[PDB]
Amino acid sequence: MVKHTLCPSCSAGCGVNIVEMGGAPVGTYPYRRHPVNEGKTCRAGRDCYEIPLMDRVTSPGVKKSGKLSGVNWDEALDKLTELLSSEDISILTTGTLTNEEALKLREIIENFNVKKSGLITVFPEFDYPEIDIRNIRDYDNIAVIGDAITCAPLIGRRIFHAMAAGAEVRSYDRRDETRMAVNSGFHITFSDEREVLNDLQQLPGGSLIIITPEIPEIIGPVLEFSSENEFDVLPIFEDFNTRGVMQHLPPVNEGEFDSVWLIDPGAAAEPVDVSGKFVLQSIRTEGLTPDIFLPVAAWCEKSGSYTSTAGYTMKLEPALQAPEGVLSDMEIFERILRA
Amino acid sequence: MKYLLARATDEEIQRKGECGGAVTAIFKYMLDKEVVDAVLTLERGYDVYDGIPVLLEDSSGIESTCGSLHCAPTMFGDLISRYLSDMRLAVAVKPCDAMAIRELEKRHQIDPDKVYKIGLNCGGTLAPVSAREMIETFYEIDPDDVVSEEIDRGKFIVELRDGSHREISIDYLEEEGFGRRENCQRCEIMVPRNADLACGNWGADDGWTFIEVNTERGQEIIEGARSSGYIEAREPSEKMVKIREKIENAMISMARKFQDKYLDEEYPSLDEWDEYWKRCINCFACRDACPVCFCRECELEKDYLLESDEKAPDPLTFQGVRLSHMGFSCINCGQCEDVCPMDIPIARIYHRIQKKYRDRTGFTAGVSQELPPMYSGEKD
Amino acid sequence: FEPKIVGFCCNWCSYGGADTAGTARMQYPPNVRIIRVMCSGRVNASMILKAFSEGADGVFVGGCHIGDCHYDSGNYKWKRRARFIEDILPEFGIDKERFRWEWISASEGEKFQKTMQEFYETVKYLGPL
Amino acid sequence: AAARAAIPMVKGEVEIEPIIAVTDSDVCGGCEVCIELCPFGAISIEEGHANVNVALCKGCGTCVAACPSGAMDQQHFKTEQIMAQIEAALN
Ligand code: SF4
Ligand code: SF4
Ligand code: SF4
Ligand code: SF4
Ligand code: SF4
Ligand code: SF4
Ligand code: SF4
Ligand code: FES
């Protein structure tokens, strides 16, 4: 009935309980024991229980003339394997796989000798420190780039704890009324990148830099400056396991996608331009029609590990039962390798 | 039969039971002899700090749910009203659970004929992570290696795996910002007389549960469990009844003193309240957690009230509206404050308002069977 | 400083009282804005709180005398609500003198005039909210 | 008085004002905190939802003001209308 699980809505590692009645998810319950949020959730955390039921597609779909028609799993895994071996396939994944599934995806990427692949994320490959968010209050100086409270409310909670602890918090964004702008010790509405960087020159060594993805072009320079001068960088990634997937799969830095295979079990992928073919492996087609569709289990219907932005890793047993006809991404990968 | 001392005729249920296992034996009888369809209780997770609601449709392995959990400040009223309002149920309720269930029954969200309330005496609960940190800091032990908790002596007592007991003044822990939740310190009701039965260990011997029978439904429960040979029961001393009465009175006096402390003399100022309200992210966790806020559609989400920008809402059109809607029925369960992502002390203001209303009109939320005088149809 | 005042008046007596004051041409300050309801029982705390949140510096409610309600029991329910609202308002920095509720009969134009004048003086003295 | 009383009886019909309470069944939770507030007993409960009798309702609006969730609403005195008037009075 009541089962522990992770909130998939953002990259904070908040724990929730799913209340299941007769095999279906019916509600949410506070997961007070979880250390990231201690049973506190934003609205999305309390709404996450509806995801496994909303517009769920649970049967493989191969695009017949014009539209998508049902098909058995073997007839899709074939017509996918041939596509891998023959055509120029680029594999793109969101930060919604389990860590083990990401390792398997790396194995596949090597086996089929794909040249372009990786994780969809605006952040680069960095030596991010493993920061405990409960330690955010310890930092004397915290620089916040982007609206961190809105991006991850339960990390903004720790920023508030830090403010109450005496830390001086400086916020930077292109807007001057965001939640961080309102609640920061000092806010700057910069229009030129150096504007923020100069102020970052005033930080002491060992200061915290909480950076969101709202300002993409600043991530590179800020990480370069933080690599120098010894700052601890805390990113706010896009997906609930962007960090875990990035551990194995590099961020995709190509822009010539055709015949792409999108692996988005969490349905978090933004509309991606596909010049050629479009294989979609998700829990709900919605969006546009894909050439092939492989329904998968939801984040809470799997067994596996997820890593939050801070670096907290959580091992999960399924909170629900996967609907008939859907396979975990691990099963798809293993069968594709076997074929 | 206003008073009894009871214990499970079984031996495993007695062993793993907190105080002779009368509650578990009663639930076992209720399921086996088909008084109800199911039992809603608690079960510990992967440690004593993780409590999870469980719905047992049969008594096999019921013993896994015995024992108290002071680090499990759970609420069952909204669970029953949202999911189990159709089935014949028996539930274990702390006084706040019974108060929420009574506020919901008078609003026809729960059928009183369907729900049997085996209430438990309650001296307060603690938050799990906070309890772990307190034990780490002030007991000089790992939060792990602890297997029980208790607040009998006025001391918070943890029972280490080996068998040792470590007790520290709950007054001293509370003075340091730890111990029971603030709403529990203000709580005025320790004996759930708004339940069919009230079970505790105040007037009870070791290995026995003191049970006060509040209603004839409770009397039927007790006599059915005793005739069916699930619980053995006898009469209290009537020297122990006075000890229990004195304990209840002393706890009530302490609750009144803490009410004065938190609601008047350490109450946040208007500037401090402004600083708090500036934080609110409009997540509605407080309303969702509140058992009295049961409505299918909430007025706080209407266009003319809902704050549509990504900024702190005006506390008037959110907090004052919710206060006008239900603050006369606020049971001081502290669920709103527990779940707030922004760490706002909401239960303080709601309890203070309810106290004003109760002082004026004499309505006590969760205890009176009738609706608040606000809803009276008479010319009174 | 010119305070902003919002008024709620029942159709049968208090609105009638304001009409009586008008017909007799009893002058009073123009700050109040009257909104008509059938009964003072139609008024609830959400309206008062919305008024104060939208910029009102005072809120007046007028009803039939107890025992004179056209719908025979509505003003009782309003009276209960009004006491609770007086409880709630000071918790958010709104003095309970900014929230006035009175029983005005349809023929009590002079009482309505005096209430309006005095409430205006009170709210103006309190200053902007 | 005879003439004045004869006029309506000759007409044979009178109009009832439709300013009455209406319940949204999809929103009403059957809490019933509205029934006792009607001095004329116009509100009953059918199928777990509040139901208003037009013949008994007089249109005071007390029940509508009492309903927290807003399932009950008075015709011609809806909550949105009064809220719009309050907003316009100050803006
Ligand atoms: S902060 Fe992020 S992880 Fe936590 S409840 Fe909100 S959306 Fe979910
Ligand atoms: S509020 Fe009262 S009944 Fe509820 S847990 Fe606290 S002390 Fe016990
Ligand atoms: S307002 Fe808070 S303390 Fe009062 S009943 Fe609701 S959840 Fe409990
Ligand atoms: S705030 Fe009012 S409408 Fe919303 S749930 Fe609570 S009582 Fe119902
Ligand atoms: S739980 Fe806290 S942050 Fe969320 S709406 Fe309530 S008061 Fe605001
Ligand atoms: S008060 Fe509202 S929700 Fe309750 S029964 Fe009446 S119309 Fe339905
Ligand atoms: S508007 Fe008045 S008369 Fe009509 S149902 Fe509601 S309380 Fe009764
Ligand atoms: S009609 Fe004026 S108060 Fe009821």
Side-chain angles (χ1 to χ4, degrees), chain B residues 263-264 267-277 280 298-307 313-330 345-346 348-363 371-380, chain C residues 4 6 8 13 35 39-59 61 63-99 101 103 126-129:
Chain B
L263 307 178
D264 175 288
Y267 192 68
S269 84
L270 287 182
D271 320 300
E272 285 153 37
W273 272 122
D274 281 34
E275 292 149 23
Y276 274 128
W277 298 134
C280 176
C298 176
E299 206 70 358
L300 306 177
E301 321 210 53
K302 299 276 196 316
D303 40 285
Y304 52 84
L305 285 190
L306 179 70
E307 216 266 304
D314 188 340
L316 280 167
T317 40
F318 186 110
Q319 307 288 342
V321 174
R322 191 160 97 75
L323 281 160
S324 80
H325 274 190
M326 45 64 63
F328 44 75
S329 287
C330 168
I346 310 156
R348 288 210 213 197
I349 173 154
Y350 279 75
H351 196 191
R352 179 155 130 156
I353 285 286
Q354 206 286 319
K355 262 173 71 60
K356 288 171 181 176
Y357 184 83
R358 171 204 64 173
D359 289 352
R360 195 154 46 71
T361 81
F363 177 72
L371 283 167
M374 192 65 66
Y375 298 133
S376 178
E378 322 266 17
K379 283 201 205 314
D380 69 275
Chain C
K4 274 155 166 240
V6 180
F8 301 90
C13 277
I35 293 160
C39 182
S40 78
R42 181 68 190 83
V43 185
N44 64 5
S46 283
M47 296 156 196
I48 315 306
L49 290 158
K50 173 77 159 163
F52 276 126
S53 172
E54 286 310 281
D57 306 288
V59 179
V61 180
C64 306
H65 283 270
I66 292 298
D68 277 56
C69 169
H70 189 82
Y71 308 93
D72 156 73
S73 46
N75 48 359
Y76 294 94
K77 328 269 187 290
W78 162 242
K79 170 149 140 273
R80 301 179 208 140
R81 284 171 208 156
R83 270 303 306 91
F84 194 39
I85 291 155
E86 291 169 338
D87 276 335
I88 282 163
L89 285 164
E91 303 275 43
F92 300 88
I94 304 182
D95 302 16
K96 94 177 208 263
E97 301 310 287
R98 302 174 175 269
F99 169 56
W101 47 286
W103 307 127
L126 285 165
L129 178 67

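Note: hydrogens, waters and symmetry copies are ignored here, and every other heavy atom, side chains too, is used. Proteins come first, then strands; the chains are lettered A, B, ... in the order of their sequence lines, and each starts at number 1.
- Of the two parts of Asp380(B), the backbone and the side chain both hold a non-hydrogen atom closer than 4.5 Å to a non-hydrogen atom of chain C.
- With sequence neighbours left out, the side chain to side chain donor-acceptor pair (under 3.5 Å) criterion links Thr317(B) to no other residue.
- Annotation for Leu316(B) and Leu49(C): closest pair CD2-CD2, 3.5 Å, computed over non-hydrogen atoms.
- Listed options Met374(B), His325(B), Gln319(B) were ranked by heavy-atom pairs under 4.5 angstrom with chain C; first place goes to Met374(B).
- By a heavy-atom distance cut of under 4.5 Å, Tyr304(B) are the residues of residues 298-305 of chain B near chain C, going up by number.
- Here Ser324(B) contributes atom OG and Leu89(C) contributes atom CG; the two are 10.0 Å apart, rounded to the nearest 0.5 Å.
- Rounding to the nearest 0.5 Å gives a distance of 3.0 Å between NZ of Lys379(B) and CG of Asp72(C).
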- Full working for salt bridge (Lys or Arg N to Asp or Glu O under 4.0 Å) between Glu91(C) and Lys356(B): CA-CA 12 Å; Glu91(C) 303 275 43; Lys356(B) 288 171 181 176; 3.3 Å; yes
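- With chain C as partner, the option from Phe328(B), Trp273(B), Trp277(B) having the largest number of non-hydrogen pairs under 4.5 angstrom is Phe328(B).
- Contacts between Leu270(B) and chain C at a heavy-atom distance below 4.5 Å involve the side chain alone, from C-beta outward.
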request  = Tell me, with the steps shown, if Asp274(B) and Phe92(C) meet side-chain contact (heavy atoms from CB on, under 4.5 Å).
outcome  = CA-CA 9 Å; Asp274(B) 281 34; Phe92(C) 300 88; over 6 Å; no
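- Both the backbone and the side chain of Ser376(B) come within contact range of chain C, each with at least one heavy atom under 4.5 Å from a heavy atom of that chain.
- Only the side chain of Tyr267(B) comes within less than 4.5 Å of a heavy atom of chain C; its backbone N, CA, C and O stay farther away.
- Going from atom OH of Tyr357(B) over to atom CD1 of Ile88(C) covers 10.5 Å, rounded to the nearest 0.5 Å.
- Residues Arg80(C) and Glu378(B) come closest through the heavy atom pair NH2-O, 2.9 Å.
- Taken from CG in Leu323(B) to CD1 in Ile85(C), the straight-line distance is 12.0 Å, to the nearest 0.5 Å.
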